[PDB]
Amino acid sequence: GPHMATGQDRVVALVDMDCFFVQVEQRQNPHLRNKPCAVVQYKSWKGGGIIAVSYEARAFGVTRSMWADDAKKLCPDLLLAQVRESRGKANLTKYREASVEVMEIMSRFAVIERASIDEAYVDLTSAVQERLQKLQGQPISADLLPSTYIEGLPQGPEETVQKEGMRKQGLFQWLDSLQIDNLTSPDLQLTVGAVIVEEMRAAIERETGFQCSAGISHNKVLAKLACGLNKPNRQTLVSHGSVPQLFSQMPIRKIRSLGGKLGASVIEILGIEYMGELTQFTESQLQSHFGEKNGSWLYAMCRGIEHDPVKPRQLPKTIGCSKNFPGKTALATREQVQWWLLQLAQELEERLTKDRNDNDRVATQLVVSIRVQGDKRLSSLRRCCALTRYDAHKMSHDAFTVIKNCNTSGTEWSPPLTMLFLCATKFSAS
DNA sequence: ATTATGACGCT
DNA sequence: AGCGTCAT
Ligand SMILES: Nc1ncnc2c1ncn2[C@H]1C[C@H](O)[C@@H](COP(=O)(O)NP(=O)(O)OP(=O)(O)O)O1
Ligand SMILES: [Mg+2]
Ligand SMILES: [Mg+2]
């Protein structure tokens, strides 16, 4: 009892931007603000593919992966913004630069781990300790947490007919219970972490004009889950004590890393649907079905416990460019293949050169991946070679050299390629 | 014809 | 080294 770890050692948050690519386009074009809007790529086929959707547009049922022509059927007044196109492919530079704006603000507060173009984990354990020392015995006011939800509250016994009324009542219950006394209560630490995350979210909105949501908990999985509970423009605190009720009706697929085959297996092999049901199995039983690492992870995670560290990494480990060639457009000639490789290499060269100037590093390996027609896998084949010069002509020529014997017969290229992907990796200081 | 592209585990 | 999974 006295010796059972409860996974309450850290304070971790996950900050994720709300409808991020849309906000980027709305900041730039004020006519799009506060309107049902989506961002699309490649307008020629079915009006383009939607990759981001404003919350006003979601209310009509518009979603990612939907065709714009189809989205317009659900939402006639839907406004659209097109992703920039360069060299015949989508160019996501505008969103990467916007991402940098936000990541640089978050880094001021604590160590972060970039997790995607629009989210990062934050390890607030040290910052909370410092803040706790800064205010001795200072009780925490509700005004310090104007956009925070406490998951699981309010509980027990009219302002609650509306959502802000629920939020405030739950926050009051939580704050009324908190003992400022006792610098080591995990609940107190989370609360101070939440205050700091309000400050962080305020700074991002002030300095970039972008709104975001956040989750604060004791580990990355719970912080990520918490982030999505009250999006948009709100933050949610998930305490250790909230986990049994929260996990009791939480579908297994909603937990990070369980959204694929492993999660399906868990459900299928154990005959359960919710994360909390995992507690009735022993660690050995879970290890026997899903392996040593997965079994141990599951046994601790269904109890709200996870030890994956927030890595101190702001910069991407790899830099890559890819393009799909669906259906009839699959590449069928040598020349075609070489031209598209050159286009990808030119974009890559730009991004690498910038990376070298900004971050004092150079990539040393080039990985080329291709997908052949009829193959469902992301990558049909991967090959690599040395990246010794940031030269687009050398890179595209070397990439062709490494995959040219994949061609069964021809001038002609077969089987046709439905994807080309160039990735620069193995960075070293410069 | 659900795209562009990341991190990282397994062998 | 090369492939498979899970992810936004
Ligand atoms: N499958 C995909 N393919 C291409 N781009 C994608 C993508 N999923 C996301 N993006 C791009 C476009 C997105 O804007 C961005 C962030 O991904 P989220 O955080 O998953 N989604 P958002 O921020 O939009 O809304 P909110 O978080 O409020 O739910 O990455
Ligand atoms: Mg987001
Ligand atoms: Mg995200």
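Residues numbered from 1 in each chain as written, not as in the entry; some residues may be left out. Chains lettered and ligands numbered in written order. Heavy atoms only, no water. Residues with missing side-chain atoms left out of burial classes, pairs and counts.

What about the coordination of the magnesium ion (ligand 3)?
Taken together, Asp16 (OD), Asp118 (OD) and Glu119 (OE) make up the protein donors of the magnesium ion (ligand 3), found 2.0 to 2.1 Å from the metal. The motif formed by the donor residues of the magnesium ion (ligand 3), counted along the single chain, is D-x101-D-E. A separation of 3.6 Å is found between the magnesium ion (ligand 3) and the magnesium ion (ligand 2), which share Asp16 as a coordinating residue. Within this pair, whereas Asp16 is found in strand β1 (residues 12-17), its partner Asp118 is found in the loop between β7 (111-116) and β8 (119-123), the two being separated by 102 residues in sequence. (Donors = N, O, S within 2.8 Å, 3.2 Å for Na, K, Ca; no water. Helix = DSSP H or I, 4+ residues; strand = E, 2+ residues; numbered from the N terminus.)

Description of the coordination of the magnesium ion (ligand 2)
Looking at the magnesium ion (ligand 2), one finds its protein donor set to be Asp16 (OD), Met17 (O) and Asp118 (OD), positioned 2.1 Å from the metal centre. Classification of the site at the magnesium ion (ligand 2) rests on its 6 donor atoms, whose angles at the metal span 83 to 175 degrees, yielding the label octahedral. Taken in chain order, the donor set of the magnesium ion (ligand 2) reads D-M-x100-D. (Tetrahedral: all angles 85-135°; square planar, octahedral: opposite > 155°, others 65-115°.)

Here we look at the protein's contact with DNA strand B
Around DNA strand B, the surrounding shell holds 26 residues, and the nearest of these are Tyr42, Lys89, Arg96, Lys317 and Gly320. Residue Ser322 places a main-chain N or O atom 2.9 Å away from a phosphate oxygen belonging to DNA strand B. One of the backbone nitrogen or oxygen atoms of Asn324 is found 2.8 Å away from a phosphate oxygen of DNA strand B. Looking at the surface near DNA strand B, the elements that each hand over two or more residues are β6 (89-90) and β12 (319-324). The dominant element in the surface near DNA strand B, judged by the number of residues it contributes, is β12, at 6 residues. Within the surface near DNA strand B, the residues separate by chemical class into 11 nonpolar, 8 polar and 7 charged. (Near = heavy atom within 4 Å. Polar contact = N/O pair within 3.5 Å; in protein donor to acceptor, adjacent residues only side chain to side chain. Nonpolar A, V, L, I, M, F, W, Y, C, P; charged D, E, K, R; others polar.)

Quick notes on unusual backbone geometry
Cis geometry is adopted by the peptide bond preceding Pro154, which originates at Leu153 and carries an omega value of 0 degrees. Positionally, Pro154 belongs in the loop between β9 (148-150) and α6 (163-177). Geometrically, the link from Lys231 to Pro232 is a cis peptide bond, its omega value of 5 degrees lying close to zero. One can find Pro232 in the loop between α8 (220-229) and β11 (235-237). You will see that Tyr42, though not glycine, has its phi angle at about 60 degrees, which is positive. Position of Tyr42 among the secondary structure elements: in the loop between β2 (37-41) and β3 (49-53). For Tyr42, a relative accessible area of 31% translates into the label partly exposed. Here the phi dihedral of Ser257 falls at roughly 85 degrees; this positive angle occurs in a residue that is not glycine. Counting through the fold element by element, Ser257 comes out in the loop between α9 (243-248) and α10 (261-270). (Buried < 20%, exposed > 50% of the residue type's maximum accessible area, 1.4 Å probe, protein only.)

Structural notes on the domain arrangement of chain A
The domains assigned to chain A are domain 1 (12-18 + 94-244), domain 2 (20-93), domain 3 (245-303) and domain 4 (319-429). Between domain 1 and domain 3, the residue contacts involve 14 residues of the former and 12 residues of the latter. In total, about 1,000 Å² of surface goes out of reach between domain 1 and domain 3, with carbon and sulfur atoms giving 69% of it. Contact with domain 3 buries area across many residues of domain 1, yet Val221, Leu225 and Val243 alone supply 49% of it, more than any other trio. Counting across the interface, domain 1 meets domain 3 through 0 salt bridges. Where domain 1 meets domain 3, there are 6 residue pairs in polar contact. Counting residues per element, the ones that place at least two in the side of domain 1 that touches domain 3 are α8 and α9. A per-element tally of the side of domain 1 that touches domain 3 places α8 first, with 6 residues. Residue composition of the side of domain 1 that touches domain 3, by class: 8 nonpolar, 3 polar and 3 charged. (Domains from an automatic or database assignment. Contact = heavy atoms within 4.5 Å. Buried area = accessible area lost by both parts, 1.4 Å probe. Salt bridge = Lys/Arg side-chain N within 4 Å of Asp/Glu carboxyl O.)

Focus on the state of the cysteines
What the rule picks out here adds up to 0 disulfides. Free of any disulfide, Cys212 has its nearest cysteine sulfur in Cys227, 8.0 Å distant. Here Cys423 stays unpaired: no disulfide links it, and the sulfur of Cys321, its closest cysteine neighbor, is 8.9 Å away. (Disulfide = S-S within 2.5 Å.)

Quick notes on the sheet that holds β2
If you walk across this open sheet you meet the 3 strands as β3-β2-β4, and the pairing is mixed. Because the sheet does not close on itself, it has two edges, and the strands there are β3 and β4 (79-82). Taking the axes of each pair of neighbouring strands and ignoring which way they run, one obtains an average angle of 35 degrees across the sheet. Pairing analysis gives 4 bridges linking β2 to β3, with the strands arranged antiparallel. Residue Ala38 lies in a different strand from β3, and its bridge partner there is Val53. (Pairing = 2+ DSSP bridges. Axes fitted to C-alpha atoms, helices over the stretch in contact; angles between N-to-C directions.)

Considerations on the protein's contact with DNA strand C
Near DNA strand C you find 18 residues, and of these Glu119, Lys224, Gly259, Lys261 and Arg382 are the closest. In this structure, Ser116 approaches DNA strand C through a side-chain N or O atom, which is 3.4 Å from a sugar or linking oxygen. Mapped by element, the contributors of at least two residues to the surface near DNA strand C are α10 and β15 (381-386). The biggest single contributor to the surface near DNA strand C is β15, with 4 residues.

Regarding the side chain of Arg361
Following the sequence through the fold, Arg361 ends up in strand β14 (residues 361-372). At a separation of 2.8 Å, a polar atom in the side chain of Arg361 contacts the side chain of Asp355. Setting aside residues no more than four positions away along its own chain, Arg361 makes contact with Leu315, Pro316, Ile319, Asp355, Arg356, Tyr390, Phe427, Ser428, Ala429 and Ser430.

Remarks on the packing of helix α4 (residues 93-109) against helix α7 (residues 186-208)
In the contact formed by α4 and α7, the axes pass within 10 Å of each other and the chain directions differ by 145 degrees. As α4 packs across α7, the resulting crossing turns out to be right-handed. The residues of α7 that touch α4, namely those facing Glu101, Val102, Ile105, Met106, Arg108 and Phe109, are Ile196, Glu199, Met200, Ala203, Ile204, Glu207 and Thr208. A class-by-class count of the residues in the contact of α4 with α7 yields 8 nonpolar, 1 polar and 4 charged. (Left-handed = near helix turned anticlockwise from the far one by under 90°.)

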